[PDB]
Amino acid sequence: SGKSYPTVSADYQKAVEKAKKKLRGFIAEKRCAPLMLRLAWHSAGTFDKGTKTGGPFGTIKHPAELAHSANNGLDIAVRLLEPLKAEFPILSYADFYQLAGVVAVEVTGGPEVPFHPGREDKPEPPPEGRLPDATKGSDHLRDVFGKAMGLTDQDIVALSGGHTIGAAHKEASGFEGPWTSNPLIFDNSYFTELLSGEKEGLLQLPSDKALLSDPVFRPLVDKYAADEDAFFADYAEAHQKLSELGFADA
């Protein structure tokens, strides 16, 4: 992994464990798992490996970053978490948001993504424009996930599977509707829907469709559609990597 995780105090570790439980209950009750996953992903996805800037360091709560067009509708997520965060003053926002992402996947029935504490809250949000454009294709996905974040082609396909929960909103991105018939259930249905073609009532972004036509991405879509266990394994790996971009050296 190339990771050396920092030491945190026993009190910090206790807070992580307690916050994890409180997050399960809150996220399940509020039905906001997909929104919390999006919040964690948009926090982390700004990492640029060349300059070591952006990444999961608490900056998404900053008015300046929330205002990024890619982040439309995430102000809600930040507000929803503020009362719970206030119960855990010892935790960084950085850790709290990544923990919420991990919990979002868990409570919707997804894999248990390993979590290591210690991210510091950094003062400077990254510049706008690093998050992917839903209207573009495979070259663009590699620029963003590969050239900037430093994730693999496998990670790209697995992480796209995060769309197995949630929906787009015409008031946020402009796109509208869920990718799956069960948007609060984490499973491999995203890939199965991708393969079956356009079904009325279900969403496919151009960026999703790009996975089907790329020589490297397509076999991965096929694998995940055929084998949910393989999806969960590769997803857990990718999510952990994403949640740790720029953190614990690397």
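One rule holds for the numbers: they count along the sequence shown, beginning at 1.
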**OP:** Using only the Cα atoms and their B-factors as the entry lists them, report which of 224-232 and 18-26 averages higher.
**Re:** 224-232
**OP:** Could you check which stretch, 38-46 or 55-63, carries the larger mean CA temperature factor in the entry?
**Re:** 55-63
**OP:** Going by the CA temperature factor in the entry, name the top one among 72, 164, 92, 98.
**Re:** 72
**OP:** Sorting the chain's modelled residues by C-alpha B-factor, tell me whether residue 155 ends up in the lowest, middle or highest third.
**Re:** lowest
Original post:
Lowest, middle or highest third of the chain for the C-alpha temperature factor of residue 108?
Top reply: lowest
Original post:
Where does residue 76 sit by CA temperature factor within its chain: lowest, middle or highest third?
Top reply: highest
Subject >> Within-chain third of residue 184 by Cα B-factor, per the entry >> reply: middle
Original post:
Lowest, middle or highest third of the chain for the C-alpha temperature factor of residue 33?
Top reply: lowest
